Each structure stands twice: as structure tokens, then as C-alpha cells.
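The data block below is coords.cif; it holds mmCIF, N, CA and C atoms and all ligand atoms.
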data_run
loop_
_atom_site.label_atom_id
_atom_site.label_comp_id
_atom_site.auth_asym_id
_atom_site.auth_seq_id
_atom_site.Cartn_x
_atom_site.Cartn_y
_atom_site.Cartn_z
N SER A 7 -11.48 -87.81 -6.87
CA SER A 7 -10.17 -87.25 -6.57
C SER A 7 -9.63 -87.77 -5.23
N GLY A 8 -8.33 -87.63 -4.99
CA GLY A 8 -7.73 -88.06 -3.73
C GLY A 8 -6.27 -88.48 -3.88
N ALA A 9 -5.51 -88.39 -2.79
CA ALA A 9 -4.10 -88.74 -2.84
C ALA A 9 -3.66 -89.34 -1.50
N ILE A 10 -2.53 -90.07 -1.52
CA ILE A 10 -1.87 -90.60 -0.33
C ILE A 10 -0.67 -89.69 -0.10
N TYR A 11 -0.47 -89.22 1.13
CA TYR A 11 0.70 -88.39 1.45
C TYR A 11 1.58 -89.14 2.45
N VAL A 12 2.71 -89.70 2.01
CA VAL A 12 3.61 -90.46 2.89
C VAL A 12 5.02 -89.92 2.77
N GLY A 13 5.63 -89.52 3.90
CA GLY A 13 6.97 -88.94 3.89
C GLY A 13 7.01 -87.72 2.99
N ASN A 14 7.97 -87.67 2.05
CA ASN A 14 8.01 -86.55 1.11
C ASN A 14 7.47 -86.95 -0.26
N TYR A 15 6.44 -87.83 -0.28
CA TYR A 15 5.81 -88.26 -1.52
C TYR A 15 4.30 -88.04 -1.49
N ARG A 16 3.71 -87.83 -2.69
CA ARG A 16 2.28 -87.75 -2.93
C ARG A 16 1.95 -88.83 -4.01
N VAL A 17 1.02 -89.75 -3.70
CA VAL A 17 0.61 -90.80 -4.64
C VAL A 17 -0.79 -90.48 -5.16
N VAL A 18 -0.93 -90.37 -6.48
CA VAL A 18 -2.21 -90.05 -7.11
C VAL A 18 -2.49 -91.00 -8.26
N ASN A 19 -3.76 -91.02 -8.75
CA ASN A 19 -4.07 -91.77 -9.98
C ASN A 19 -3.33 -91.05 -11.11
N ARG A 20 -2.57 -91.78 -11.92
CA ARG A 20 -1.80 -91.15 -13.00
C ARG A 20 -2.70 -90.29 -13.92
N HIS A 21 -3.94 -90.78 -14.20
CA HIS A 21 -4.82 -90.04 -15.11
C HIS A 21 -5.34 -88.72 -14.52
N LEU A 22 -5.17 -88.52 -13.19
CA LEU A 22 -5.61 -87.29 -12.53
C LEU A 22 -4.42 -86.42 -12.07
N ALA A 23 -3.16 -86.82 -12.37
CA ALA A 23 -2.00 -86.02 -11.94
C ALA A 23 -2.06 -84.60 -12.53
N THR A 24 -1.63 -83.61 -11.77
CA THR A 24 -1.67 -82.21 -12.21
C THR A 24 -0.36 -81.81 -12.88
N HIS A 25 -0.27 -80.55 -13.42
CA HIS A 25 0.99 -80.03 -13.97
C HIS A 25 2.08 -80.05 -12.87
N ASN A 26 1.70 -79.71 -11.61
CA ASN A 26 2.67 -79.73 -10.51
C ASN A 26 3.17 -81.15 -10.20
N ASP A 27 2.29 -82.17 -10.28
CA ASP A 27 2.73 -83.57 -10.08
C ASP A 27 3.78 -83.95 -11.12
N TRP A 28 3.53 -83.62 -12.41
CA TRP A 28 4.48 -83.98 -13.46
C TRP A 28 5.81 -83.21 -13.35
N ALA A 29 5.76 -81.94 -12.90
CA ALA A 29 6.97 -81.11 -12.68
C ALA A 29 7.82 -81.60 -11.50
N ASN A 30 7.24 -82.40 -10.60
CA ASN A 30 7.96 -82.93 -9.44
C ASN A 30 7.90 -84.49 -9.47
N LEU A 31 7.97 -85.06 -10.68
CA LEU A 31 7.82 -86.49 -10.88
C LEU A 31 8.91 -87.32 -10.23
N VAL A 32 8.53 -88.40 -9.51
CA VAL A 32 9.46 -89.36 -8.93
C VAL A 32 9.36 -90.67 -9.72
N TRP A 33 8.13 -91.11 -10.00
CA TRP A 33 7.89 -92.39 -10.69
C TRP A 33 6.45 -92.42 -11.21
N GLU A 34 6.23 -93.05 -12.36
CA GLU A 34 4.88 -93.25 -12.89
C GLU A 34 4.79 -94.55 -13.69
N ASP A 35 3.61 -95.15 -13.73
CA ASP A 35 3.41 -96.39 -14.46
C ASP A 35 2.00 -96.39 -15.05
N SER A 36 1.89 -96.14 -16.38
CA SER A 36 0.59 -96.10 -17.04
C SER A 36 -0.16 -97.44 -16.87
N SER A 37 0.58 -98.57 -16.89
CA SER A 37 -0.09 -99.88 -16.74
C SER A 37 -0.70 -100.08 -15.34
N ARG A 38 -0.29 -99.28 -14.32
CA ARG A 38 -0.85 -99.37 -12.96
C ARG A 38 -1.81 -98.20 -12.63
N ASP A 39 -1.88 -97.17 -13.52
CA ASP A 39 -2.63 -95.94 -13.27
C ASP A 39 -2.07 -95.25 -11.99
N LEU A 40 -0.74 -95.30 -11.77
CA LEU A 40 -0.15 -94.59 -10.62
C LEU A 40 0.89 -93.56 -11.04
N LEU A 41 1.03 -92.53 -10.19
CA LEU A 41 2.06 -91.52 -10.36
C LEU A 41 2.43 -91.04 -8.94
N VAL A 42 3.72 -90.90 -8.68
CA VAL A 42 4.21 -90.41 -7.40
C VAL A 42 5.03 -89.15 -7.67
N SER A 43 4.75 -88.10 -6.91
CA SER A 43 5.46 -86.84 -7.03
C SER A 43 6.08 -86.47 -5.67
N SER A 44 7.09 -85.59 -5.68
CA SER A 44 7.74 -85.19 -4.42
C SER A 44 7.04 -83.99 -3.76
N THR A 45 7.09 -83.93 -2.42
CA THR A 45 6.47 -82.81 -1.70
C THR A 45 7.52 -82.13 -0.78
N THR A 46 7.23 -80.91 -0.34
CA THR A 46 8.12 -80.21 0.59
C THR A 46 7.71 -80.52 2.04
N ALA A 47 6.41 -80.73 2.30
CA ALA A 47 5.93 -81.02 3.65
C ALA A 47 5.87 -82.53 3.92
N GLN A 48 5.97 -82.92 5.20
CA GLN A 48 5.91 -84.33 5.56
C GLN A 48 4.46 -84.81 5.54
N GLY A 49 4.24 -85.98 4.96
CA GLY A 49 2.92 -86.57 4.80
C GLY A 49 2.21 -87.00 6.07
N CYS A 50 0.91 -87.32 5.94
CA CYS A 50 0.05 -87.71 7.06
C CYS A 50 -0.22 -89.23 7.12
N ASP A 51 -0.06 -89.94 5.99
CA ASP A 51 -0.37 -91.37 5.89
C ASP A 51 0.81 -92.30 6.18
N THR A 52 0.51 -93.59 6.50
CA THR A 52 1.47 -94.69 6.60
C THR A 52 0.92 -95.86 5.67
N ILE A 53 1.83 -96.69 5.11
CA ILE A 53 1.50 -97.72 4.13
C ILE A 53 1.48 -99.11 4.75
N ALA A 54 0.45 -99.88 4.43
CA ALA A 54 0.36 -101.26 4.93
C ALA A 54 1.41 -102.12 4.21
N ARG A 55 1.98 -103.11 4.90
CA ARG A 55 2.96 -104.02 4.29
C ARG A 55 2.42 -105.39 4.75
N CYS A 56 1.46 -105.92 3.99
CA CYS A 56 0.69 -107.09 4.42
C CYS A 56 0.04 -107.79 3.21
N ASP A 57 -0.74 -108.86 3.50
CA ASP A 57 -1.51 -109.55 2.47
C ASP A 57 -3.00 -109.52 2.80
N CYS A 58 -3.49 -108.50 3.54
CA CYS A 58 -4.93 -108.38 3.81
C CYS A 58 -5.76 -108.38 2.52
N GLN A 59 -6.91 -109.02 2.57
CA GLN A 59 -7.89 -109.02 1.50
C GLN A 59 -9.23 -108.46 1.96
N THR A 60 -9.28 -107.81 3.14
CA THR A 60 -10.47 -107.09 3.61
C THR A 60 -9.99 -105.72 4.09
N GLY A 61 -10.89 -104.75 4.01
CA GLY A 61 -10.55 -103.39 4.42
C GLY A 61 -11.77 -102.49 4.29
N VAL A 62 -11.52 -101.20 4.34
CA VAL A 62 -12.55 -100.18 4.26
C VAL A 62 -12.05 -99.12 3.27
N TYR A 63 -12.93 -98.69 2.35
CA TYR A 63 -12.55 -97.64 1.41
C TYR A 63 -13.46 -96.43 1.50
N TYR A 64 -12.95 -95.26 1.09
CA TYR A 64 -13.80 -94.07 1.08
C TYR A 64 -14.43 -93.91 -0.32
N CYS A 65 -15.75 -93.72 -0.34
CA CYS A 65 -16.53 -93.58 -1.56
C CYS A 65 -17.09 -92.14 -1.63
N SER A 66 -16.40 -91.26 -2.37
CA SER A 66 -16.80 -89.85 -2.44
C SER A 66 -18.18 -89.62 -3.00
N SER A 67 -18.66 -90.48 -3.93
CA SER A 67 -20.01 -90.34 -4.49
C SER A 67 -21.17 -90.70 -3.51
N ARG A 68 -20.82 -91.21 -2.34
CA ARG A 68 -21.76 -91.48 -1.26
C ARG A 68 -21.35 -90.72 0.03
N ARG A 69 -20.17 -90.01 0.03
CA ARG A 69 -19.62 -89.35 1.21
C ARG A 69 -19.58 -90.37 2.41
N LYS A 70 -19.18 -91.60 2.13
CA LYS A 70 -19.22 -92.66 3.16
C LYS A 70 -18.09 -93.65 2.96
N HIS A 71 -17.75 -94.37 4.02
CA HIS A 71 -16.79 -95.47 3.96
C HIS A 71 -17.57 -96.77 3.92
N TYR A 72 -17.06 -97.76 3.14
CA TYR A 72 -17.71 -99.07 3.07
C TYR A 72 -16.68 -100.17 3.29
N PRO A 73 -17.10 -101.27 3.95
CA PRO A 73 -16.19 -102.42 4.08
C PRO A 73 -16.17 -103.22 2.76
N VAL A 74 -15.04 -103.87 2.46
CA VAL A 74 -14.94 -104.65 1.23
C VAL A 74 -14.03 -105.85 1.41
N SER A 75 -14.26 -106.89 0.57
CA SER A 75 -13.38 -108.05 0.41
C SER A 75 -12.83 -107.87 -1.00
N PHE A 76 -11.51 -107.87 -1.14
CA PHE A 76 -10.92 -107.59 -2.42
C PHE A 76 -9.96 -108.68 -2.87
N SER A 77 -9.85 -108.86 -4.22
CA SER A 77 -8.93 -109.85 -4.76
C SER A 77 -7.46 -109.43 -4.62
N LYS A 78 -6.52 -110.40 -4.75
CA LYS A 78 -5.08 -110.09 -4.69
C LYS A 78 -4.69 -109.24 -5.89
N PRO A 79 -3.62 -108.42 -5.80
CA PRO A 79 -3.24 -107.61 -6.97
C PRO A 79 -2.99 -108.48 -8.19
N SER A 80 -3.63 -108.12 -9.32
CA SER A 80 -3.48 -108.93 -10.52
C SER A 80 -3.62 -108.12 -11.81
N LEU A 81 -3.44 -108.79 -12.98
CA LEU A 81 -3.52 -108.17 -14.31
C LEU A 81 -4.98 -108.31 -14.75
N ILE A 82 -5.70 -107.19 -14.87
CA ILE A 82 -7.13 -107.20 -15.17
C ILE A 82 -7.45 -106.35 -16.37
N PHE A 83 -8.29 -106.86 -17.29
CA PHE A 83 -8.67 -106.09 -18.46
C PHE A 83 -9.56 -104.89 -18.04
N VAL A 84 -9.25 -103.69 -18.56
CA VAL A 84 -10.02 -102.48 -18.29
C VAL A 84 -10.40 -101.87 -19.63
N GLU A 85 -11.71 -101.66 -19.85
CA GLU A 85 -12.18 -101.13 -21.13
C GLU A 85 -11.65 -99.68 -21.39
N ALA A 86 -11.61 -99.26 -22.68
CA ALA A 86 -11.16 -97.93 -23.06
C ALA A 86 -12.02 -96.87 -22.38
N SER A 87 -11.39 -95.77 -22.04
CA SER A 87 -12.03 -94.59 -21.47
C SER A 87 -11.40 -93.37 -22.19
N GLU A 88 -11.80 -92.16 -21.82
CA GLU A 88 -11.19 -90.95 -22.38
C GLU A 88 -9.70 -90.86 -21.96
N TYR A 89 -9.28 -91.60 -20.90
CA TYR A 89 -7.93 -91.51 -20.38
C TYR A 89 -6.95 -92.57 -20.87
N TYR A 90 -7.43 -93.75 -21.24
CA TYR A 90 -6.55 -94.84 -21.67
C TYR A 90 -7.21 -95.67 -22.76
N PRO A 91 -6.39 -96.30 -23.61
CA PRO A 91 -6.96 -97.27 -24.56
C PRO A 91 -7.40 -98.52 -23.76
N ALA A 92 -8.15 -99.43 -24.41
CA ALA A 92 -8.52 -100.72 -23.80
C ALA A 92 -7.18 -101.45 -23.51
N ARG A 93 -6.98 -101.97 -22.28
CA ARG A 93 -5.67 -102.54 -21.94
C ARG A 93 -5.73 -103.41 -20.69
N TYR A 94 -4.62 -104.07 -20.34
CA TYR A 94 -4.56 -104.79 -19.07
C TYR A 94 -3.90 -103.87 -18.04
N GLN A 95 -4.58 -103.62 -16.94
CA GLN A 95 -4.02 -102.82 -15.86
C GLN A 95 -3.45 -103.82 -14.84
N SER A 96 -2.21 -103.62 -14.42
CA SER A 96 -1.57 -104.53 -13.46
C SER A 96 -1.70 -104.01 -12.01
N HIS A 97 -1.44 -104.90 -11.03
CA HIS A 97 -1.48 -104.58 -9.59
C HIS A 97 -2.87 -104.03 -9.19
N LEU A 98 -3.95 -104.55 -9.84
CA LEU A 98 -5.33 -104.08 -9.59
C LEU A 98 -6.08 -105.12 -8.75
N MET A 99 -6.86 -104.64 -7.79
CA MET A 99 -7.63 -105.52 -6.89
C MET A 99 -9.09 -105.18 -7.06
N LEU A 100 -9.94 -106.19 -7.34
CA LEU A 100 -11.35 -105.92 -7.50
C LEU A 100 -12.17 -106.26 -6.27
N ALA A 101 -13.26 -105.55 -6.12
CA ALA A 101 -14.19 -105.81 -5.02
C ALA A 101 -15.61 -105.43 -5.43
N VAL A 102 -16.60 -105.98 -4.73
CA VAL A 102 -17.98 -105.58 -4.94
C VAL A 102 -18.26 -104.39 -4.01
N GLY A 103 -18.72 -103.31 -4.60
CA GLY A 103 -19.02 -102.10 -3.88
C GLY A 103 -19.29 -100.97 -4.86
N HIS A 104 -19.98 -99.95 -4.38
CA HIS A 104 -20.31 -98.82 -5.24
C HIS A 104 -19.10 -97.99 -5.63
N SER A 105 -19.07 -97.57 -6.87
CA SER A 105 -18.12 -96.58 -7.38
C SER A 105 -18.71 -96.03 -8.69
N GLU A 106 -18.41 -94.78 -8.98
CA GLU A 106 -18.84 -94.14 -10.21
C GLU A 106 -17.76 -93.17 -10.66
N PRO A 107 -17.83 -92.64 -11.93
CA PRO A 107 -16.82 -91.67 -12.35
C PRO A 107 -16.74 -90.48 -11.34
N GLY A 108 -15.52 -90.22 -10.87
CA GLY A 108 -15.25 -89.22 -9.84
C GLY A 108 -14.70 -89.84 -8.56
N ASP A 109 -14.94 -91.15 -8.34
CA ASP A 109 -14.49 -91.83 -7.12
C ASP A 109 -13.00 -92.20 -7.09
N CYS A 110 -12.27 -92.06 -8.22
CA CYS A 110 -10.83 -92.41 -8.21
C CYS A 110 -10.08 -91.59 -7.18
N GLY A 111 -9.17 -92.21 -6.46
CA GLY A 111 -8.41 -91.49 -5.45
C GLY A 111 -8.87 -91.77 -4.03
N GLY A 112 -10.07 -92.33 -3.85
CA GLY A 112 -10.54 -92.71 -2.51
C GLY A 112 -9.63 -93.78 -1.93
N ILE A 113 -9.21 -93.63 -0.67
CA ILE A 113 -8.23 -94.54 -0.09
C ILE A 113 -8.89 -95.82 0.43
N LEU A 114 -8.17 -96.95 0.26
CA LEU A 114 -8.56 -98.25 0.81
C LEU A 114 -7.53 -98.51 1.95
N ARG A 115 -8.00 -98.83 3.17
CA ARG A 115 -7.10 -99.09 4.30
C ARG A 115 -7.49 -100.41 4.93
N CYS A 116 -6.52 -101.11 5.47
CA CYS A 116 -6.79 -102.29 6.31
C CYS A 116 -6.30 -101.89 7.74
N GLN A 117 -6.23 -102.85 8.70
CA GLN A 117 -5.75 -102.51 10.06
C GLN A 117 -4.26 -102.07 10.09
N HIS A 118 -3.50 -102.35 9.01
CA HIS A 118 -2.06 -102.03 8.98
C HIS A 118 -1.71 -100.70 8.35
N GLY A 119 -2.67 -100.08 7.66
CA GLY A 119 -2.43 -98.80 7.03
C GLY A 119 -3.03 -98.73 5.64
N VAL A 120 -2.53 -97.80 4.83
CA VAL A 120 -3.04 -97.59 3.48
C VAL A 120 -2.65 -98.77 2.56
N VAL A 121 -3.66 -99.33 1.86
CA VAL A 121 -3.49 -100.45 0.93
C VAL A 121 -3.38 -99.96 -0.53
N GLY A 122 -4.25 -99.01 -0.89
CA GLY A 122 -4.27 -98.50 -2.26
C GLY A 122 -5.30 -97.43 -2.48
N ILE A 123 -5.58 -97.11 -3.75
CA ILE A 123 -6.58 -96.07 -4.06
C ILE A 123 -7.54 -96.55 -5.13
N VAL A 124 -8.78 -96.03 -5.12
CA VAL A 124 -9.77 -96.37 -6.17
C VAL A 124 -9.18 -95.97 -7.55
N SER A 125 -9.28 -96.86 -8.52
CA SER A 125 -8.72 -96.62 -9.86
C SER A 125 -9.73 -97.00 -10.96
N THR A 126 -10.61 -97.97 -10.72
CA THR A 126 -11.59 -98.39 -11.74
C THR A 126 -12.94 -98.75 -11.06
N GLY A 127 -13.99 -99.02 -11.84
CA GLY A 127 -15.25 -99.49 -11.29
C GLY A 127 -16.26 -99.78 -12.37
N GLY A 128 -17.47 -100.11 -11.95
CA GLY A 128 -18.58 -100.32 -12.88
C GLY A 128 -19.55 -101.37 -12.41
N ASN A 129 -20.83 -101.09 -12.57
CA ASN A 129 -21.95 -101.99 -12.27
C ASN A 129 -21.84 -102.74 -10.93
N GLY A 130 -21.58 -102.02 -9.85
CA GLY A 130 -21.48 -102.61 -8.52
C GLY A 130 -20.10 -103.16 -8.17
N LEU A 131 -19.07 -102.85 -9.00
CA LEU A 131 -17.68 -103.20 -8.75
C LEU A 131 -16.87 -101.92 -8.42
N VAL A 132 -15.74 -102.12 -7.73
CA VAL A 132 -14.77 -101.07 -7.47
C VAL A 132 -13.37 -101.73 -7.54
N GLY A 133 -12.45 -101.11 -8.28
CA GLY A 133 -11.10 -101.61 -8.43
C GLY A 133 -10.12 -100.66 -7.77
N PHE A 134 -9.12 -101.22 -7.06
CA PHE A 134 -8.11 -100.41 -6.35
C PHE A 134 -6.71 -100.69 -6.91
N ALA A 135 -5.93 -99.62 -7.11
CA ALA A 135 -4.54 -99.74 -7.50
C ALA A 135 -3.75 -100.01 -6.20
N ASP A 136 -3.08 -101.17 -6.12
CA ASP A 136 -2.30 -101.51 -4.92
C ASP A 136 -1.03 -100.66 -4.80
N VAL A 137 -0.64 -100.28 -3.56
CA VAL A 137 0.64 -99.57 -3.37
C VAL A 137 1.56 -100.31 -2.36
N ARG A 138 1.12 -101.47 -1.80
CA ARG A 138 1.87 -102.18 -0.76
C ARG A 138 3.20 -102.71 -1.22
N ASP A 139 3.39 -102.91 -2.54
CA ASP A 139 4.69 -103.40 -3.04
C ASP A 139 5.72 -102.26 -3.24
N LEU A 140 5.30 -100.98 -3.14
CA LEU A 140 6.21 -99.85 -3.35
C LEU A 140 6.95 -99.56 -2.04
N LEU A 141 7.95 -100.40 -1.74
CA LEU A 141 8.65 -100.30 -0.44
C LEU A 141 9.42 -99.01 -0.25
N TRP A 142 9.87 -98.41 -1.37
CA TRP A 142 10.63 -97.18 -1.33
C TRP A 142 9.80 -95.97 -0.82
N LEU A 143 8.45 -96.09 -0.76
CA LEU A 143 7.64 -94.95 -0.27
C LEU A 143 7.98 -94.61 1.20
N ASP A 144 8.45 -95.63 1.97
CA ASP A 144 8.79 -95.61 3.40
C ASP A 144 10.20 -95.19 3.71
N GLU A 145 11.07 -95.04 2.71
CA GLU A 145 12.46 -94.69 2.98
C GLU A 145 12.83 -93.31 2.43
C1 LIG B 201 -14.02 -95.25 -10.61
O1 LIG B 201 -14.19 -95.41 -12.03
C2 LIG B 201 -15.41 -95.83 -12.49
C3 LIG B 201 -16.42 -96.32 -11.68
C4 LIG B 201 -17.61 -96.75 -12.25
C5 LIG B 201 -17.79 -96.69 -13.61
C6 LIG B 201 -16.78 -96.18 -14.42
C7 LIG B 201 -15.58 -95.74 -13.88
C8 LIG B 201 -14.51 -95.12 -14.77
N1 LIG B 201 -15.01 -94.80 -16.11
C9 LIG B 201 -15.25 -93.54 -16.50
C10 LIG B 201 -15.91 -93.38 -17.84
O2 LIG B 201 -14.97 -92.57 -15.80
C11 LIG B 201 -13.25 -96.03 -14.88
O3 LIG B 201 -13.30 -97.18 -14.47
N2 LIG B 201 -12.12 -95.52 -15.43
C12 LIG B 201 -11.98 -94.13 -15.90
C13 LIG B 201 -10.69 -93.48 -15.44
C14 LIG B 201 -9.49 -94.37 -15.75
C15 LIG B 201 -9.68 -95.76 -15.12
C16 LIG B 201 -8.50 -96.67 -15.38
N3 LIG B 201 -7.80 -97.03 -14.31
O4 LIG B 201 -8.26 -97.10 -16.51
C17 LIG B 201 -10.96 -96.39 -15.66
ZN ZN B 202 -3.24 -105.30 6.31
#
For the file at hand, write its structure as C-alpha cells.
Ligand SMILES: COc1ccccc1[C@H](NC(C)=O)C(=O)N1CCC[C@H](C(N)=O)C1
Ligand SMILES: [Zn+2]
Amino acid sequence: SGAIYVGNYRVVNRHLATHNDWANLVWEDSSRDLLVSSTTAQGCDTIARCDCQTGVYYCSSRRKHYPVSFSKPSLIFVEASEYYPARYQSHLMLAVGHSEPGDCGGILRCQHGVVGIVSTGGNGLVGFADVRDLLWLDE
């Protein structure tokens, strides 16, 4: 679990959005596993606007942060789960690092701010949904 809170927005994994997230929907994209909802309070996070390929992510299944080198956002095949059919997920960045079911929502940050959130994983891999192209989160 986990979310990004920026301005009057909350960014979560679409497959983990709550009834309240859907009732206050701003934007969602099943192909990216993202959903943004509106909030009444001002957020705590700021968003990176960069091309960094290294950073640090939070891994809830280890209660620890780990450094990672990650690929550029791209279209990557993701096998079927209880939440989605087998499909291509877009704006996804892969890295080598621990992740297991439950780790979605952990934030990935570089020196410039929030880069994205954990969205996929498996066998020593971790995939992050990028948010750096969502320029409207800042306005
Ligand atoms: C962090 O996720 C994992 C990590 C290691 C192993 C497995 C997983 C997850 N598999 C299960 C069965 O929970 C996983 O990758 N996803 C499930 C939730 C939706 C995700 C998506 N973006 O399509 C895909
Ligand atoms: Zn950066």
C-alpha cells in the first residue's frame, strides 16, 4: 500500500484505489495502473521533473529503503493477476530489487523528488509506475 500526496491530489495504484478515491476521481489509466483523486488538505510530496535512472525506493516487505538503477518508462508485458488480464502496462520502469505482493505503493525518489510508485515485481525484480510526465499534478 502507499500513495503520493501533492497539492490537492492523491496518487495511488489504480488496483488499490478505495471507494473514496473513485468518488473523488480526477484521472485514471488502467494501462498505467494509476489513479489520481482530489483531496481537501494540501499534500506533503513534490514531483521530480527529470530523466534520472537511479534512485531509492521504499520496500514495505523489508521495512527498508533500497537503492536502484531503473529503465526508462516503457511498454512492458505484465502477466495476468487477480486485478488485470495479461497485458502491456505503459510508463513502467524495471529494476533489480526485492518486491513481493503487498509492496505496491512504495515511493521511488531521486534527488529531484518523487519519481513513481511500486506497481509490479517478481523473482528479484521491481517495477515502478512513472509519474514525472503528469505535469498537471504541480498546477
Ligand atoms: C509488487 O507486485 C509483485 C511483486 C512480486 C511478485 C508479484 C507481484 C504482483 N503479483 C501478485 C500476484 O500480487 C504484481 O506484480 N502485480 C499484482 C498487482 C497488479 C500489478 C500490475 N501492475 O499489473 C501486478
Ligand atoms: Zn531526478
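Using only N, CA and C atoms and all ligand atoms as the basis for the distance check, residues found within 6 Å of ligand LIG 201 (chain B) are residues 39, 84, 87, 88, 89, 90, 105, 106, 107, 108, 109, 110, 124, 125, 126, 127, 128 and 129 of chain A.
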Task: Nearest candidate to ligand ZN 202 (chain B) (options A:59, A:46, A:67, A:36; using only N, CA and C atoms and all ligand atoms) - done: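 Using only N, CA and C atoms and all ligand atoms, ligand ZN 202 (chain B) sits closest to A:59.
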TODO: Using all atoms listed in the file, find each residue with an atom at most 5 Å away from ligand ZN 202 (chain B) and format the answer as a PyMOL selection string.
DONE: chain A and resi 56+58+116-118
TODO: Run DSSP on the backbone and grab whatever in chain A lands in helix (DSSP H, G or I); send it over as a ChimeraX atom specification.
DONE: /A:20-22,25-29,36-38,141-144
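Among the candidates A:62, A:134, A:47, A:25, the residue lying nearest to residue 79 (chain A) is A:134 (atoms considered: all atoms listed in the file).
The interatomic distance for the pair CA of residue 32 (chain A) and CA of residue 113 (chain A) works out to 20.4 Å.
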Task: Pick from A:83, A:142, A:76, A:11 nearest to residue 101 (chain A), counting only N, CA and C atoms - done: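 With only N, CA and C atoms as the atom set, the closest residue is A:76.
The two atoms in question, atom C of residue 45 (chain A) and CA of residue 15 (chain A), are spaced 6.4 Å apart.
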- [ ] Go through A:103, A:91, A:111, A:61 and flag the residue nearest residue 8 (chain A), using only C-alpha atoms for the distances.
- [x] A:111
TODO: Using all atoms listed in the file, give me every residue within 6 Å of (-8.2, -103.0, -19.0) in file coordinates, as a list in words.
DONE: residues 82, 83, 84, 85, 92, 93, 94 and 95 of chain A
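The two atoms in question, CA of residue 145 (chain A) and CA of residue 48 (chain A), are spaced 12.5 Å apart.
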Task: DSSP-assigned strand (DSSP E) members of chain A, reported as a PyMOL selection string - done: chain A and resi 10-12+15-19+31-35+40-44+60-65+70-75+80-84+93-102+113-116+119-128+131-136
TODO: Check the smallest atom-to-atom distance from each of A:97, A:16, A:78, A:21 to residue 57 (chain A) using all atoms listed in the file, then report the winner.
DONE: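 Nearest to residue 57 (chain A): A:78.
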- [ ] Go through A:7, A:133, A:43, A:28 and flag the residue nearest residue 81 (chain A), using only C-alpha atoms for the distances.
- [x]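 Among the listed residues, A:133 lies closest to residue 81 (chain A).
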